[PDB]
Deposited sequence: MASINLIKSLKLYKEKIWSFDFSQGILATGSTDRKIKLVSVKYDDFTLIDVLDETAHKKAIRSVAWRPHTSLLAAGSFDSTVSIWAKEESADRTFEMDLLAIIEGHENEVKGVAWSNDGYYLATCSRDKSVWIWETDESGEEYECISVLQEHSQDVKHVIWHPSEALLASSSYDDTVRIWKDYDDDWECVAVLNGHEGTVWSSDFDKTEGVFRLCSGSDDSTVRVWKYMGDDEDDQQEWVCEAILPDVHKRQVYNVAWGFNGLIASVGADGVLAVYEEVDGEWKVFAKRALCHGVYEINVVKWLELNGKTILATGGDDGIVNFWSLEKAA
């Protein structure tokens, strides 16, 4: 069962992105303004609004530098802003951006764009200055999403070209080490398995499916061999706009259809663990995260918080 524990209206426009660190959810909407929410299972409250006309168009992506309170925000502007901190103070502008994501060591910030590229930026302990170390142009269409592995410097990008690409460095020489071919429409997002050891990834698409991909070792050329090992059971009717793979082993998906589903892997097979229809009323749902509880963000400007 998926139970609503709290419903929080934040904007009157779409929520596109959110991210959780250190008990705080950051959110992004068609708005200039970034909103921060304190979250506990008490909880569940507004604490700050980030603006200062930094701030020109829709905030398509927000991400916390992991286990810290520094924040990055990417915009339809083509720009990406940086905040630190109560209150949050601005720090930098880096130069449509569709996604931002940090490596778990906190030193690399990846950005992706309608321009078909993925940029890798490096910073230090302080997060004050950003050096562009790679410009990664292999996708043939709009890149929708970037995410790093929980513990390796491995990056996954998802694109309107129907592929996920995996990127890895050898001494800051970042290159594409696999192209995950199989989805039949735009891949909106992906997330890595949190199981220790060799890698897997799930991805959600316009084609109404969630695929689970499995790494099958390096080839002779130091490229990675990857196959789609499963397609999850039917849920969505059907753009799948976001997926999230929790440390609990469970995958969550959300779609244009207003459904939130959870899947569990037992004895080498996936089953729907739980599902709920009309989670944002009549509204498309764009984003989902495991916080353990679920947060969903929808076209109605609400973040719903659900218990499992």
**Message:** Tell me which segments of the deposited chain sequence are not represented by C-alpha atoms in this structure.
**Reply:** 1-2, 88-94, 105-108, 305-309, 327-330
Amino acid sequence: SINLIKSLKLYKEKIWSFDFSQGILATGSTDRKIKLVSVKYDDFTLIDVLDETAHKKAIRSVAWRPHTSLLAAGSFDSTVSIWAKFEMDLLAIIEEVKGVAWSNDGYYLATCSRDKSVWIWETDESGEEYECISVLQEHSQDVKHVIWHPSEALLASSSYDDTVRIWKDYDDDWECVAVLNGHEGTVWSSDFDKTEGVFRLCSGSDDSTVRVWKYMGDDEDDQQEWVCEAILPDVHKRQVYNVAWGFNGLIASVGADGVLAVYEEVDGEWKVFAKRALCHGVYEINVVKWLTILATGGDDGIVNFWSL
From here on, numbers count along this sequence of modelled residues.
**Segment of higher mean CA temperature factor, 26-34 or 236-244** = 26-34
**Fill in**
Of 43-51 and 267-275, the stretch with the higher mean C-alpha B-factor in the deposited entry is 43-51
**Asked** Based on what the PDB entry reports, which of 228, 110, 178, 92 has the top C-alpha B-factor?
**Response** 92
**Prompt:** Between 83, 148, 199, 160, which carries the biggest CA temperature factor in the record?
**Reply:** 83
**Complete:** In terms of its chain's C-alpha B-factors, the third that includes residue 204 is the lowest
**Fill in**
residue 140: CA temperature factor from the record, placed by chain third, in the middle
**Prompt:** By the record's CA B-factor, is residue 172 among the lowest, middle or highest third of residues in the chain?
**Reply:** highest
**Fill in**
Temperature factor at the Cα of residue 182, chain-ranked in thirds, falls in the lowest
**Asked** In terms of the chain's CA B-factor thirds, is residue 106 lowest, middle or highest?
**Response** middle
